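Everything below concerns the one structure shown next.
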Number of protein chains: 2
Amino acid sequence: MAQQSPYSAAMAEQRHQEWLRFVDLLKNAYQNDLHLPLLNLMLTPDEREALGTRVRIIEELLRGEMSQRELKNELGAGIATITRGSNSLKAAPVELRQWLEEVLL
Amino acid sequence: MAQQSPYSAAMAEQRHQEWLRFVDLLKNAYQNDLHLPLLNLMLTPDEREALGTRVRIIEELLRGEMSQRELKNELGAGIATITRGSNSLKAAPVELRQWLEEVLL
């Protein structure tokens, strides 16, 4: 099978453990109301600003997709209503259709 | 007083709100067991690795300071014990000092 040298396996295992220890360290900082000073210790001012900007970009990407999905579903529902209205008019009883023309003058 | 243009005040207020929204977004992700995929969305693999490495550097800096503080307190306690032992020997009754020399042969 696709294996790897014991050097690369140790580097990947240390990299994994170091990342898990960061996530757990920040989790306990949130539970002790100490996440704000820890983030200032872990991140430079430019890196914190980059993270805030990335949150805005994600919001702008999600809202752009949502409005695009709503526009697609609105046009599809509008077409579905026209086709369903046409079929319902052709399937309607003649008494109803005869009366609908009289209201149209 | 030291004020600032309304442009810079708006940029600083947006920067502040964007950072607060990131901290709150990650806090709710920890409470929903969704912090791991959110961090992968917010951070590239190199940036996550850098954060794990920074946690190890902080541990190595703190342990280096702790062992240096323990070495300083041990040497100070050792000197304090010698000076306190010397004073206690000179303040001891003569009956005790006379007997301590006899045990020394």
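Letters for chains follow the order of the structure tokens (A, B, ...), residue numbers begin at 1 for each chain, and ligand numbers begin at 1 in the order shown.
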
Given a cut-off of 10 Å, which residues of chain A touch chain B, counting only C-alpha atoms, written out as a PDB file with C-alpha atoms, in the first residue's frame?
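Output (selection-v2.pdb):
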```pdb
ATOM      1  CA  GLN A  14       3.015  16.346  15.263  1.00  0.00           C
ATOM      2  CA  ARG A  15       1.348  18.792  12.864  1.00  0.00           C
ATOM      3  CA  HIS A  16      -2.007  17.165  13.639  1.00  0.00           C
ATOM      4  CA  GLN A  17      -1.514  17.166  17.419  1.00  0.00           C
ATOM      5  CA  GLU A  18      -0.356  20.794  17.387  1.00  0.00           C
ATOM      6  CA  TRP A  19      -3.500  21.836  15.509  1.00  0.00           C
ATOM      7  CA  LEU A  20      -5.752  19.874  17.872  1.00  0.00           C
ATOM      8  CA  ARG A  21      -4.059  21.486  20.877  1.00  0.00           C
ATOM      9  CA  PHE A  22      -4.714  24.941  19.411  1.00  0.00           C
ATOM     10  CA  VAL A  23      -8.416  24.201  18.880  1.00  0.00           C
ATOM     11  CA  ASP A  24      -8.751  22.842  22.417  1.00  0.00           C
ATOM     12  CA  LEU A  25      -6.796  25.764  23.885  1.00  0.00           C
ATOM     13  CA  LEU A  26      -9.115  28.290  22.234  1.00  0.00           C
ATOM     14  CA  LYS A  27     -12.165  26.269  23.312  1.00  0.00           C
ATOM     15  CA  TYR A  30     -14.032  30.784  25.313  1.00  0.00           C
ATOM     16  CA  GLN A  31     -15.333  29.009  28.431  1.00  0.00           C
ATOM     17  CA  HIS A  35     -10.554  34.252  24.174  1.00  0.00           C
ATOM     18  CA  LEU A  36     -10.044  37.945  23.356  1.00  0.00           C
ATOM     19  CA  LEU A  39      -6.446  35.792  20.107  1.00  0.00           C
ATOM     20  CA  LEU A  41      -1.503  36.668  21.662  1.00  0.00           C
ATOM     21  CA  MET A  42      -1.970  34.181  18.803  1.00  0.00           C
ATOM     22  CA  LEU A  43      -2.634  36.696  15.994  1.00  0.00           C
ATOM     23  CA  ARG A  48      -7.067  39.626  13.050  1.00  0.00           C
ATOM     24  CA  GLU A  49      -8.187  42.226  10.506  1.00  0.00           C
ATOM     25  CA  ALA A  50      -7.824  39.661   7.718  1.00  0.00           C
ATOM     26  CA  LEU A  51     -10.077  37.251   9.625  1.00  0.00           C
ATOM     27  CA  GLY A  52     -12.753  39.902  10.137  1.00  0.00           C
ATOM     28  CA  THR A  53     -12.608  40.757   6.437  1.00  0.00           C
ATOM     29  CA  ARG A  54     -12.896  37.064   5.542  1.00  0.00           C
ATOM     30  CA  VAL A  55     -16.120  36.857   7.574  1.00  0.00           C
ATOM     31  CA  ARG A  56     -17.563  39.741   5.561  1.00  0.00           C
ATOM     32  CA  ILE A  58     -18.249  34.856   3.333  1.00  0.00           C
TER      33      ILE A  58
END
```

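Atom to atom, atom CA of residue A:89 and atom CA of residue A:101 stand 11.9 Å apart.
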